[PDB]
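Okay, start-v1.txt now, which holds compact mmCIF, C-alpha atoms (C1' of nucleotides) and all ligand atoms:
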# COMPACT_ATOMS: atom_id res chain seq x y z
CA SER S 1 4.62 -16.44 9.38
CA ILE S 2 4.08 -15.23 5.78
CA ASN S 3 0.88 -13.58 4.60
CA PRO S 4 -1.72 -15.52 2.71
CA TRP S 5 -2.21 -12.50 0.49
CA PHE S 6 1.43 -12.63 -0.22
CA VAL S 7 1.10 -16.23 -1.38
CA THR S 8 -1.71 -15.40 -3.73
CA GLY S 9 0.11 -12.45 -5.32
CA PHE S 10 3.12 -14.61 -5.86
CA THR S 11 1.08 -17.28 -7.54
CA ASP S 12 -0.73 -14.68 -9.62
CA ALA S 13 2.80 -13.96 -10.96
CA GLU S 14 4.57 -17.31 -11.06
CA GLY S 15 2.41 -20.37 -10.44
CA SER S 16 0.29 -22.74 -12.60
CA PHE S 17 -2.91 -24.80 -12.33
CA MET S 18 -2.60 -27.68 -14.79
CA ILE S 19 -4.49 -30.79 -15.79
CA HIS S 20 -2.56 -33.29 -17.88
CA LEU S 21 -4.06 -36.33 -19.65
CA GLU S 22 -1.95 -39.44 -19.90
CA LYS S 23 -2.79 -42.50 -21.99
CA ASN S 24 -2.01 -45.95 -20.55
CA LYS S 25 -3.41 -49.02 -22.35
CA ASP S 26 -7.13 -48.66 -22.98
CA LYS S 27 -7.30 -46.03 -20.12
CA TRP S 28 -6.45 -42.28 -19.73
CA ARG S 29 -5.06 -41.10 -16.43
CA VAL S 30 -5.99 -37.56 -15.40
CA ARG S 31 -2.92 -36.05 -13.69
CA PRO S 32 -3.55 -32.64 -12.03
CA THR S 33 -0.81 -30.37 -10.83
CA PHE S 34 -0.20 -27.03 -9.24
CA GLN S 35 3.26 -25.69 -9.87
CA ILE S 36 5.69 -22.85 -8.97
CA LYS S 37 9.08 -23.00 -10.69
CA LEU S 38 11.97 -20.62 -10.25
CA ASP S 39 15.69 -20.26 -10.67
CA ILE S 40 17.69 -22.01 -7.93
CA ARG S 41 18.80 -18.67 -6.46
CA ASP S 42 15.26 -18.48 -4.84
CA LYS S 43 14.87 -22.05 -3.47
CA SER S 44 14.35 -20.67 0.01
CA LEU S 45 11.18 -18.72 -0.86
CA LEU S 46 9.79 -21.95 -2.30
CA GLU S 47 10.64 -23.76 0.90
CA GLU S 48 8.62 -21.11 2.71
CA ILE S 49 5.51 -21.27 0.52
CA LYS S 50 5.65 -25.10 0.81
CA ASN S 51 5.48 -24.90 4.61
CA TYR S 52 2.66 -22.38 4.31
CA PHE S 53 0.70 -25.25 2.71
CA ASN S 54 1.37 -27.61 5.62
CA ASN S 55 4.12 -29.59 3.99
CA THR S 56 2.24 -30.84 1.05
CA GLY S 57 3.99 -31.59 -2.24
CA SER S 58 7.65 -31.88 -3.04
CA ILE S 59 10.39 -29.52 -4.27
CA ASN S 60 12.76 -30.82 -6.98
CA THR S 61 16.08 -29.38 -8.09
CA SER S 62 18.23 -29.55 -11.14
CA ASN S 63 21.33 -27.48 -12.14
CA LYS S 64 19.65 -24.12 -12.82
CA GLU S 65 15.94 -24.59 -11.75
CA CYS S 66 13.84 -25.72 -8.79
CA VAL S 67 10.20 -26.85 -8.87
CA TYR S 68 7.39 -27.15 -6.34
CA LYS S 69 4.78 -29.64 -7.55
CA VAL S 70 1.63 -30.65 -5.70
CA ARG S 71 0.12 -33.48 -7.74
CA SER S 72 -1.94 -35.71 -5.32
CA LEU S 73 -5.63 -35.23 -4.78
CA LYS S 74 -5.60 -35.08 -0.97
CA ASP S 75 -2.73 -32.60 -1.10
CA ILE S 76 -4.48 -30.48 -3.73
CA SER S 77 -7.52 -29.70 -1.59
CA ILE S 78 -5.50 -27.73 1.00
CA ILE S 79 -4.43 -25.49 -1.83
CA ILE S 80 -7.83 -24.98 -3.36
CA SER S 81 -9.18 -23.89 0.03
CA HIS S 82 -6.53 -21.18 0.31
CA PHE S 83 -7.15 -19.75 -3.13
CA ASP S 84 -10.88 -19.93 -2.37
CA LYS S 85 -10.47 -17.75 0.68
CA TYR S 86 -7.88 -15.60 -1.11
CA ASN S 87 -8.82 -15.24 -4.75
CA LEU S 88 -6.36 -14.84 -7.59
CA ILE S 89 -7.08 -11.71 -9.72
CA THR S 90 -5.07 -12.18 -12.92
CA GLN S 91 -6.41 -14.25 -15.83
CA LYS S 92 -4.93 -17.16 -13.88
CA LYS S 93 -8.17 -17.07 -11.84
CA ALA S 94 -9.88 -18.68 -14.86
CA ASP S 95 -7.35 -21.52 -15.13
CA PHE S 96 -7.68 -22.09 -11.42
CA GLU S 97 -11.41 -22.23 -11.70
CA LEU S 98 -11.48 -24.78 -14.51
CA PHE S 99 -9.01 -26.76 -12.38
CA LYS S 100 -11.59 -26.69 -9.51
CA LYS S 101 -14.37 -28.08 -11.68
CA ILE S 102 -12.08 -30.90 -12.88
CA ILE S 103 -10.98 -31.62 -9.38
CA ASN S 104 -14.61 -31.88 -8.28
CA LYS S 105 -15.51 -34.34 -11.00
CA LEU S 106 -12.63 -36.48 -9.85
CA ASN S 107 -13.48 -36.41 -6.12
CA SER S 108 -17.01 -37.44 -6.99
CA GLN S 109 -15.55 -40.57 -8.61
CA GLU S 110 -12.90 -41.53 -6.07
CA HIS S 111 -10.50 -42.38 -8.99
CA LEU S 112 -8.36 -40.86 -11.75
CA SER S 113 -8.10 -43.40 -14.65
CA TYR S 114 -10.92 -43.68 -17.20
CA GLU S 115 -12.03 -46.05 -19.94
CA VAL S 116 -12.55 -43.97 -23.10
CA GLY S 117 -16.25 -44.29 -21.89
CA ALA S 118 -16.17 -40.55 -22.08
CA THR S 119 -18.76 -38.91 -19.84
CA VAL S 120 -16.81 -37.95 -16.77
CA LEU S 121 -13.79 -38.16 -19.11
CA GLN S 122 -15.25 -36.21 -22.10
CA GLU S 123 -16.31 -33.49 -19.70
CA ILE S 124 -12.86 -33.36 -18.23
CA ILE S 125 -11.38 -33.22 -21.72
CA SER S 126 -13.77 -30.41 -22.71
CA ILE S 127 -12.80 -28.45 -19.67
CA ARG S 128 -9.08 -29.20 -20.10
CA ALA S 129 -9.51 -28.05 -23.68
CA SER S 130 -9.89 -24.31 -22.77
CA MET S 131 -7.09 -24.36 -20.23
CA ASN S 132 -3.50 -23.30 -20.37
CA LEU S 133 -2.35 -24.47 -23.83
CA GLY S 134 -5.11 -27.02 -24.08
CA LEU S 135 -5.34 -30.40 -25.71
CA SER S 136 -2.42 -32.51 -26.78
CA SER S 137 -2.72 -33.12 -30.44
CA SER S 138 -2.77 -36.89 -29.59
CA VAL S 139 -5.85 -36.31 -27.40
CA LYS S 140 -7.14 -34.66 -30.61
CA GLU S 141 -6.23 -37.96 -32.31
CA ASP S 142 -8.73 -39.70 -29.92
CA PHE S 143 -11.38 -36.90 -29.46
CA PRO S 144 -13.09 -34.45 -31.84
CA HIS S 145 -15.56 -32.71 -29.49
CA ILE S 146 -16.10 -29.25 -28.08
CA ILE S 147 -14.78 -26.80 -25.54
CA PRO S 148 -16.60 -25.00 -22.70
CA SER S 149 -16.53 -21.25 -22.12
CA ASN S 150 -13.62 -19.86 -20.00
CA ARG S 151 -14.96 -17.49 -17.31
CA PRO S 152 -14.14 -13.84 -18.21
CA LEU S 153 -12.66 -11.60 -15.49
CA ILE S 154 -11.87 -8.13 -16.79
CA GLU S 155 -13.12 -5.40 -14.46
CA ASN S 156 -12.98 -8.18 -11.84
CA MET S 157 -9.64 -6.75 -10.89
CA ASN S 158 -9.42 -4.51 -7.85
CA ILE S 159 -6.15 -5.13 -5.91
CA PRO S 160 -7.32 -6.85 -2.70
CA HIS S 161 -4.55 -6.09 -0.17
CA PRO S 162 -1.13 -4.39 -0.38
CA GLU S 163 0.50 -7.68 0.61
CA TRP S 164 -0.90 -9.06 -2.68
CA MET S 165 1.24 -6.50 -4.39
CA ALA S 166 4.26 -7.53 -2.41
CA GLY S 167 3.92 -11.19 -3.46
CA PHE S 168 3.25 -10.21 -7.01
CA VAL S 169 6.08 -7.77 -7.32
CA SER S 170 8.37 -10.28 -5.64
CA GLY S 171 7.45 -12.29 -8.70
CA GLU S 172 7.29 -9.99 -11.75
CA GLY S 173 8.95 -6.80 -10.40
CA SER S 174 12.29 -5.35 -11.42
CA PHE S 175 14.39 -2.81 -9.49
CA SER S 176 16.86 -1.10 -11.86
CA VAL S 177 19.50 1.64 -11.72
CA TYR S 178 20.21 3.39 -14.99
CA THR S 179 23.46 5.12 -15.87
CA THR S 180 24.12 7.36 -18.89
CA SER S 181 26.78 6.30 -21.47
CA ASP S 182 28.88 9.38 -20.51
CA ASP S 183 28.93 7.93 -16.97
CA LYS S 184 27.73 11.14 -15.46
CA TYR S 185 24.08 10.68 -14.58
CA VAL S 186 22.28 8.04 -12.62
CA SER S 187 18.59 7.40 -12.23
CA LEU S 188 16.13 4.78 -10.90
CA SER S 189 13.20 2.86 -12.17
CA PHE S 190 10.66 0.47 -10.91
CA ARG S 191 9.03 -1.75 -13.55
CA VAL S 192 6.40 -4.47 -13.59
CA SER S 193 5.55 -6.18 -16.88
CA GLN S 194 2.75 -8.34 -18.21
CA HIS S 195 0.96 -9.85 -21.26
CA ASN S 196 -1.73 -7.86 -23.06
CA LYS S 197 -4.33 -10.15 -21.57
CA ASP S 198 -3.92 -8.24 -18.31
CA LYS S 199 -3.45 -4.74 -19.67
CA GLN S 200 -6.54 -3.62 -17.70
CA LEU S 201 -5.05 -4.83 -14.30
CA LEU S 202 -1.67 -3.20 -14.81
CA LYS S 203 -3.13 0.21 -15.63
CA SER S 204 -5.00 -0.12 -12.27
CA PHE S 205 -1.53 -0.04 -10.58
CA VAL S 206 -1.24 3.71 -11.44
CA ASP S 207 -4.12 4.12 -8.91
CA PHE S 208 -2.50 1.75 -6.41
CA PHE S 209 0.72 3.78 -5.97
CA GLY S 210 -0.64 7.12 -7.11
CA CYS S 211 2.31 7.46 -9.43
CA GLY S 212 4.09 6.35 -12.57
CA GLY S 213 2.74 5.42 -15.92
CA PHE S 214 1.82 2.60 -18.20
CA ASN S 215 3.44 1.97 -21.57
CA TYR S 216 4.25 -0.71 -24.15
CA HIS S 217 7.07 -3.18 -23.72
CA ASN S 218 7.81 -3.88 -27.37
CA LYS S 219 6.75 -2.74 -30.87
CA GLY S 220 4.51 -5.72 -31.67
CA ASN S 221 2.22 -4.52 -28.80
CA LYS S 222 2.11 -7.98 -27.30
CA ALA S 223 3.27 -6.78 -23.86
CA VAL S 224 2.71 -3.97 -21.39
CA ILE S 225 4.77 -2.33 -18.58
CA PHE S 226 4.00 -0.31 -15.46
CA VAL S 227 6.90 2.09 -14.89
CA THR S 228 7.90 4.66 -12.34
CA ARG S 229 10.91 6.97 -12.85
CA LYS S 230 10.25 10.23 -10.99
CA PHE S 231 12.47 10.20 -7.94
CA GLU S 232 9.80 12.26 -6.13
CA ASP S 233 7.46 9.28 -6.64
CA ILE S 234 9.99 6.51 -5.90
CA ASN S 235 11.31 8.03 -2.69
CA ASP S 236 7.89 9.03 -1.32
CA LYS S 237 5.49 6.31 -2.36
CA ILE S 238 7.18 3.14 -3.83
CA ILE S 239 9.91 2.76 -1.21
CA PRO S 240 7.88 3.42 1.97
CA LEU S 241 5.18 1.03 0.71
CA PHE S 242 7.68 -1.83 0.40
CA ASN S 243 9.39 -1.11 3.71
CA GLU S 244 6.06 -1.94 5.37
CA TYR S 245 4.97 -4.89 3.15
CA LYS S 246 8.31 -6.60 2.72
CA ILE S 247 9.35 -8.12 -0.61
CA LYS S 248 10.58 -11.71 -0.06
CA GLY S 249 13.29 -13.71 -1.93
CA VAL S 250 16.57 -12.61 -3.62
CA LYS S 251 14.76 -9.67 -5.01
CA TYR S 252 14.57 -8.34 -1.44
CA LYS S 253 18.28 -7.65 -1.62
CA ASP S 254 17.90 -5.99 -4.99
CA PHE S 255 15.35 -3.80 -3.16
CA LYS S 256 17.70 -2.95 -0.30
CA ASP S 257 20.51 -2.03 -2.68
CA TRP S 258 18.12 -0.01 -4.84
CA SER S 259 16.86 1.94 -1.94
CA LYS S 260 20.42 2.44 -0.70
CA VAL S 261 21.04 4.29 -3.98
CA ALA S 262 17.74 6.05 -3.58
CA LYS S 263 19.28 7.52 -0.34
CA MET S 264 22.45 8.83 -2.06
CA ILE S 265 20.31 10.50 -4.67
CA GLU S 266 18.20 12.15 -1.87
CA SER S 267 21.29 13.65 -0.31
CA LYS S 268 22.70 14.66 -3.74
CA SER S 269 25.71 12.32 -3.41
CA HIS S 270 25.03 11.05 -6.96
CA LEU S 271 26.41 14.33 -8.31
CA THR S 272 29.76 13.80 -6.54
CA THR S 273 32.24 11.38 -8.18
CA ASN S 274 32.70 9.27 -5.09
CA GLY S 275 28.90 8.86 -4.79
CA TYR S 276 28.83 8.01 -8.46
CA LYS S 277 31.59 5.44 -8.28
CA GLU S 278 29.87 4.01 -5.16
CA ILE S 279 26.53 3.64 -6.86
CA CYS S 280 28.17 1.97 -9.84
CA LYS S 281 29.65 -0.59 -7.49
CA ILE S 282 26.27 -1.45 -6.04
CA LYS S 283 24.79 -1.69 -9.57
CA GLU S 284 27.39 -4.34 -10.74
CA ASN S 285 26.09 -6.69 -8.00
CA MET S 286 22.38 -6.42 -8.18
CA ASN S 287 19.74 -8.31 -10.21
CA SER S 288 21.15 -10.80 -12.67
CA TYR S 289 24.64 -9.67 -11.77
CA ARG S 290 24.51 -10.65 -8.06
CA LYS S 291 27.31 -12.85 -6.62
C1' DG E 1 -2.91 -57.46 -13.04
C1' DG E 2 -3.95 -52.44 -12.79
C1' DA E 3 -3.61 -47.85 -10.62
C1' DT E 4 -1.04 -44.42 -8.56
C1' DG E 5 3.19 -41.44 -7.12
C1' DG E 6 6.90 -39.15 -8.25
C1' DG E 7 11.33 -38.26 -10.40
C1' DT E 8 13.22 -36.00 -14.26
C1' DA E 9 13.39 -34.90 -19.52
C1' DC E 10 11.55 -31.75 -22.61
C1' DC E 11 9.18 -27.41 -24.85
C1' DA E 12 7.98 -22.20 -25.76
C1' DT E 13 7.58 -17.48 -24.71
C1' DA E 14 6.38 -13.77 -21.21
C1' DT E 15 8.92 -11.97 -18.35
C1' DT E 16 14.07 -10.76 -17.40
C1' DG E 17 16.26 -6.94 -17.15
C1' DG E 18 19.87 -4.62 -19.54
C1' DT E 19 21.05 0.01 -22.73
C1' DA E 20 19.89 4.65 -24.83
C1' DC E 21 18.56 9.67 -25.54
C1' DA E 22 15.47 13.93 -27.01
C1' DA E 23 12.43 16.43 -24.83
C1' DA E 24 11.35 18.63 -20.96
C1' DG E 25 11.68 22.32 -17.42
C1' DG E 26 13.37 25.31 -14.06
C1' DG E 27 16.00 28.94 -11.02
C1' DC L 1 22.97 24.85 -19.50
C1' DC L 2 22.27 21.08 -16.72
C1' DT L 3 19.96 17.31 -14.96
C1' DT L 4 15.70 14.64 -14.78
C1' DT L 5 12.00 11.94 -17.10
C1' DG L 6 9.38 9.52 -20.20
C1' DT L 7 9.59 6.47 -23.75
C1' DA L 8 11.87 3.34 -26.70
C1' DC L 9 14.84 -0.79 -27.96
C1' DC L 10 15.19 -5.96 -27.66
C1' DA L 11 18.28 -10.51 -26.82
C1' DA L 12 17.27 -14.30 -24.40
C1' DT L 13 16.38 -16.92 -20.30
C1' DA L 14 13.75 -17.53 -15.98
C1' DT L 15 9.50 -18.70 -16.03
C1' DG L 16 5.10 -21.53 -17.12
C1' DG L 17 3.97 -25.14 -19.35
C1' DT L 18 3.97 -30.69 -20.82
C1' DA L 19 5.13 -35.91 -21.40
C1' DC L 20 7.24 -40.82 -20.00
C1' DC L 21 8.78 -44.29 -17.27
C1' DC L 22 8.62 -47.51 -13.53
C1' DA L 23 8.44 -49.22 -9.00
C1' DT L 24 5.67 -49.87 -5.33
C1' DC L 25 0.63 -50.64 -3.73
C1' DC L 26 -4.12 -52.48 -4.15
CA CA H 301 3.56 -14.43 -14.89
CA CA H 302 10.41 -13.61 -11.34
Target encoding structure tokens, full file:
Amino acid sequence: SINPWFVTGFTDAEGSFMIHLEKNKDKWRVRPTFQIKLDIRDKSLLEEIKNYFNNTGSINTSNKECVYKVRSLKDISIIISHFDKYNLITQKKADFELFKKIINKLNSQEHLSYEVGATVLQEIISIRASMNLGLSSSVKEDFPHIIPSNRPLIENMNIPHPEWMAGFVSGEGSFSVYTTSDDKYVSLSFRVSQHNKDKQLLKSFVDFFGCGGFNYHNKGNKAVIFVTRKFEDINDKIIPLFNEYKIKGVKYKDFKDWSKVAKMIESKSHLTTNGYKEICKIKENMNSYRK
DNA sequence: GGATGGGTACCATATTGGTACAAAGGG
DNA sequence: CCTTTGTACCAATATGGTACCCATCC
């Protein structure tokens, strides 16, 4: 019984709305897809999303990865109606919304293969142009025409429900325990990172938690980070929030472990060597180091 | 025959997510 | 003086994207 706002936040973080164009004799097939992909560690959270959407689509699994793909046109409408009731708020909103347009053109034609007779098709290709990466260079072989405007959405970014934040953070959050090189101090941090595109949304997080700060990820300012470090702030605001809007997936355990350490810091155990050794043990088994 | 579904191979970079310390700052 | 905090550093892979083939169905 997982929250629709959760689902949206998660697909604001992972999640794609794609239209692919596939040539086949004189005709081009228009293949749409909506996709979440993750590392196989978190297959279970994908199983859960998939049930949220009745049981549309199919999960696929290789060595390291797993993929949820919903490609069929009947299946895709269930999805659209969710995201219409529960709007994305990252730039991904604009790729979803081009995707809707294309879907509508296709429903109004009750088919998905087109003769280069490019009305319906040229429109689709113009739309598809300003979407994700955009045109294959072999669709640029067959078409030199123009691209429609991509809806802006820049202030259009108030966080809609805390649960959004829990799906999103379950996606792009990290829960980290720092130790000094001396091996004498220990500290926590909560970080959520994102492309420049959505700089404006991330800074809005500082309001959402009433703590932390916003900085740059890397010198070539291509990337941004929301970070909290003050233990005051982590123990009062960040932890209690997420106890009430649960994080889902493997990250949930990273959260439990993190907030286990948070407790030993509260009670000052981190300044005793047994506390310190104990924390270190928890650290060696969280995040990418788990199992 | 032609159109569609769907499995799986492949591609690129934005997250993934770890380490480090000088400058607080206060009891 | 001692410990916390903000800010920086950054290698690379878990994300986010895309193309091809064919075997059933219309
Ligand atoms: Ca993302
Ligand atoms: Ca993730």
Original post:
Got a sec: who's within 12 Å of segment 3-6 of chain E, counting all atoms listed in the file, leaving out chain neighbours fewer than 5 positions off, as a PyMOL selection string?
Top reply: (chain S and resi 24-25+27-31+33+57-60+69-73+111-114) or (chain L and resi 20-26)
Subject >> Selected residue, from S:40, S:121, S:98, S:211, that lies nearest to chain L when counting only C-alpha atoms (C1' of nucleotides) >> reply: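 Checking each candidate against chain L, we get S:40 as the closest.
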Select, as a PDB file with C-alpha atoms (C1' of nucleotides), in the coordinates of the input, those residues of chain L with any atom no more than 12 Å from chain S (distances computed using only C-alpha atoms (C1' of nucleotides)).
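Output contents, as saved in iface_10.pdb:
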ATOM      1  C1'  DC L   2      22.270  21.080 -16.720  1.00  0.00           C
ATOM      2  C1'  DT L   3      19.960  17.310 -14.960  1.00  0.00           C
ATOM      3  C1'  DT L   4      15.700  14.640 -14.780  1.00  0.00           C
ATOM      4  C1'  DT L   5      12.000  11.940 -17.100  1.00  0.00           C
ATOM      5  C1'  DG L   6       9.380   9.520 -20.200  1.00  0.00           C
ATOM      6  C1'  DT L   7       9.590   6.470 -23.750  1.00  0.00           C
ATOM      7  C1'  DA L   8      11.870   3.340 -26.700  1.00  0.00           C
ATOM      8  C1'  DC L   9      14.840  -0.790 -27.960  1.00  0.00           C
ATOM      9  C1'  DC L  10      15.190  -5.960 -27.660  1.00  0.00           C
ATOM     10  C1'  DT L  13      16.380 -16.920 -20.300  1.00  0.00           C
ATOM     11  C1'  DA L  14      13.750 -17.530 -15.980  1.00  0.00           C
ATOM     12  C1'  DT L  15       9.500 -18.700 -16.030  1.00  0.00           C
ATOM     13  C1'  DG L  16       5.100 -21.530 -17.120  1.00  0.00           C
ATOM     14  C1'  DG L  17       3.970 -25.140 -19.350  1.00  0.00           C
ATOM     15  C1'  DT L  18       3.970 -30.690 -20.820  1.00  0.00           C
ATOM     16  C1'  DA L  19       5.130 -35.910 -21.400  1.00  0.00           C
ATOM     17  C1'  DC L  20       7.240 -40.820 -20.000  1.00  0.00           C
ATOM     18  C1'  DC L  21       8.780 -44.290 -17.270  1.00  0.00           C
TER      19       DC L  21
END
**OP:** Could the residues of chain S within 8 Å of chain E, counting only C-alpha atoms (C1' of nucleotides), be given as number ranges by chain, please?
**Re:** S: 72, 113, 172, 174, 176, 180-181, 193-195, 287-288
Padded axis-aligned box of segment 14-20 of chain E (6 Å per side), centre and edge lengths, Å, one decimal, as AutoDock Vina command-line options:
--center_x 13.7 --center_y -4.6 --center_z -21.0 --size_x 26.7 --size_y 30.4 --size_z 19.7
Original post:
Taking all atoms listed in the file into account, which of S:168, S:123, S:140, S:34 comes nearest ligand CA 302 (chain H)?
Top reply: S:168
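Between atom CA of residue 224 of chain S and atom CA of residue 247 of chain S lies a distance of 22.2 Å.
Nearest residue to ligand CA 301 (chain H), choosing from S:97, S:141, S:198, S:163 and counting all atoms listed in the file: S:198.
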